[PDB]
Structures are given as C-alpha cells and as structure tokens.
C-alpha cells in the first residue's frame, strides 16, 4: 500500500515486505538496524514499521529544522505507539495545543532553583546507597549494578515525587515500592508491540476495552494514592514541601500560575506517573553503564576520584553548587551518554507537506533522528567505539554539534528532566566514588555486549566488585 512511497521519492532504504514492512530487520535491535542502514544508504534512508513510513535524517541543519525550527508548525507530536487510555495526557504522549499547555505548566517545576531545593532530598539517599553498598562490599560478593542503582533510583523518585521515604533495597514489599517497580521500560520489539505494529488498526479496539500498555493495577494504586495525598496535604498545609507533587498542586491555582492556566486533577496524576516511568529504569541504566566504564577504565575512575576529593575534601557531602564545579564528572557522564543514548532514536510526526533543506517530506511521515547511529558515526567521533572522556573536555566540547550529540533530544520537546537526571546521577556517583572503587571480576563481561531487544541495556546484567576506600 504505502510501501512505494520512498521509491517514488528517490529515497534509498531496505526493500519492504508486504504487511510486515521492514520489521524483520529488527532481529538485531533498533541500534544495529540504524547502524547498518546508515552505512549502506548514506545520509537519508527510508523504512517501514508495518505500513507506517519512516524517514531517517542525518544532516545537522535538517535535524535542527525538524526539532527546533518547524516544531510548533510541522513536527509537533511523536508517533502513536499503542493504547494509552488516560495516559494520553502524559506530556511525553500529549499532542498539539494540549502538549504546549502542559509544557507551559510543567516547565517551572524543572527550573534550577526548584532542583536546588530538591538536592538535599536526593543526597539523603546517596548516603543510603552508600550504606547498602558498604554492607554488600563487606560480604566480598560481587554486586549486581541494576539492583543497587534501581533501588537508589526508586528511593529518589518516591521522595522527590511524593515525599515518601523508603529504603527500597531493604523494604522491597512496601505497597508503594511493589507497584512503582512495575513501571518498566517499553520493549517495542516484544511480541505485543510488534503485533500492534503489524495490526495498527487494532489499537482503537484495545482502547474501548480499557486495555492499557501501562498496568491498570499500578495506575489505579497511584491515582488513589495521589488523591489521598492531595486531601491529606490540605490539612498539614503549614509544612513547606518541595517534591514534584506539590509544585503541581500549587500550579493547579491559575491565579498563581505564570501561564494563567491550571492543571487538571487527571493531568496531574498523568504527569506524576510518567515522571516515575521516565526516571526509574533510565537513571539506573545510565548509572550502570557509567560504572561499567569506570571499572573497565581504572585510569578514568581514579582521576574522577581525585577530582571529587579535590572539590569535596574529607568526604564532604555533595551540594548543588559543588557538583556543577566538577568538570571531569560532567565529561564522564556525557561520554557515556554518547556510547549509550538509551532513547536510541528521536521521532516526530510530519503534520503537513513540507520541503526542508531541499527535500520534500510527505504528510504523515514519521521523521526519525538516529541518535545511537550518529553518536557512533566515525565521521564525527574518532575511534567511536572507545570510551574517551576527553571528547567533552572544554577544548574539544565546542567541536561537538548539538544535533549530532542528542542524548536528551533537542528543541521545545527535549527532555524536561535533563537537569534533574544529570544532578541525580552525579550526586550518586560522587557519594559512591567517595567511599568505593569498582573492579571487574571473572563474572564481568569485559567486552560488553548489548541486548538485541528494544531496550538499550547490557545483554547480561553488569556485575562488578565493590571495595571500600580506606
């Protein structure tokens, strides 16, 4: 049907099969498929997710035109991916004027001033993470990275979102923990999402049956939990709060909002759920990738510890202002996010026929930016498969195009939790690297292989040795 669009436009790409399209080439994952297409078809190519045409662009000026210049007019929304129910109101999934209103109401929640008031909360569980790591390091047994960092990530979320203080690693069956730990990333290559891709006409059938990709038992638990909190926080009003929930509760009074608009009780819960979803498995994945590189590159881990002890002597606790002063820490995070951009791709839907930078894009075509393929392009990065934090030093960081290196996207629809996630991971790294040093063991995959699913995660869970400093 549509499997002749890119042929008439003179656009190269893999030859699509009927019904399926190009989904069969996903057997090596999204990342490998983008790398192969880039090497075989050049600067632009086209493929099909079932019937949906997708045009991949690599020109930085063209990427800027899609993500920045033509955002509000042409490339405003992301691709609909399945039955979302009321989670259609999540700012990541929202569309058109609905997204712009949510982006206006939610942007003051993520200012650097509001984050600084959240720093003492995040640093508290950095000390909790250390204590839980001291107990495991004294056993001498190797530590699974996803477990200790998923627990830290969960501790920060429950406290920064709703002011609920739990030690997730040691209280694993708290009803608040047991449900929030079910908010796992979406494997768009699993049997269900592949079937939704081949049968996109079945999505309206699943929506009327109230079938949601998010667990309905988990969403109901949070909708009732937020309701009880909003009622309870109306009594204990004199306690000044700083968590994400109260910033959204206060923003529900349009008379005190800079946008002169108000948040819905339905929308507020939707963002609270998507904030947990966006921060839980993502923060632990990046922190695990970082610690793998530091352990497999002891010179980088030592130099990072030397900078930390220089900025924070005598195991001084990390603060907001001191984390910004650590540049090699910023270079370790940035270089890891280059090798592992967990978003893999950036997508926008074309709302109307447009010709940008000398190329005609039809209406309804999903324009995709291959972040993983561009982060490892040997044209822009020398020895791209190597972990070299010096690429982001103050000397060479100016040679980095903001549209080739897009770990948090770009434009008005960039990651709204970029500064928070950067501050959260850095606070964890400082406390962890102050007290510990991470070494490989025989059960560590020294040549790290990545999973072939739809998630940018290690094939085998990263496991390392923890040894106490002094």
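Under this definition, the rigid core comprises the largest set of C-alpha atoms superposing within 1.5 Å between the forms. Numbering follows the first chain given and starts at 1.
Taking the rigid core as the alignment reference, the C-alpha atoms of 440 to 448 lie farther on average from the displayed form in 6 other deposited structures of this protein than those of the other stretch among 414 to 422 and 440 to 448. Using the rigid core as the fitting frame, the root mean square C-alpha deviation in 6 other deposited structures of this protein is greater for 216 to 224 than for the other of 216 to 224 and 368 to 376. In the other compared entries of this protein that model both flanking residues, residue 259 lacks coordinates in at least a third of them. Across the other PDB entries of this protein whose models span the neighbouring residues, residue 235 goes unmodelled in a third or more. Higher mean CA B-factor, judged across 207 to 215 and 236 to 244 from the recorded values: 236 to 244. Stretches 258 to 266 and 376 to 384 differ in mean C-alpha B factor, with the higher average recorded for 258 to 266. Across the options 398, 335, 347, 299, the residue with the most elevated CA B-factor in the record is 398. The maximum CA B-factor among the listed residues 342, 369, 366, 137, taken from the PDB record, is found at 137. Ranked within its chain, residue 447 lands in the highest third, by CA B factor from the PDB record. Sort the modelled residues of the chain by CA B factor and residue 461 lands in the highest third. Ranked against the other modelled residues of its chain, the C-alpha B-factor of residue 116 as given in the entry falls in the highest third. In the deposited entry, the Cα temperature factor of residue 76 places it in the middle third of its chain's modelled residues.
Sort the modelled residues of the chain by CA B factor and residue 422 lands in the lowest third.
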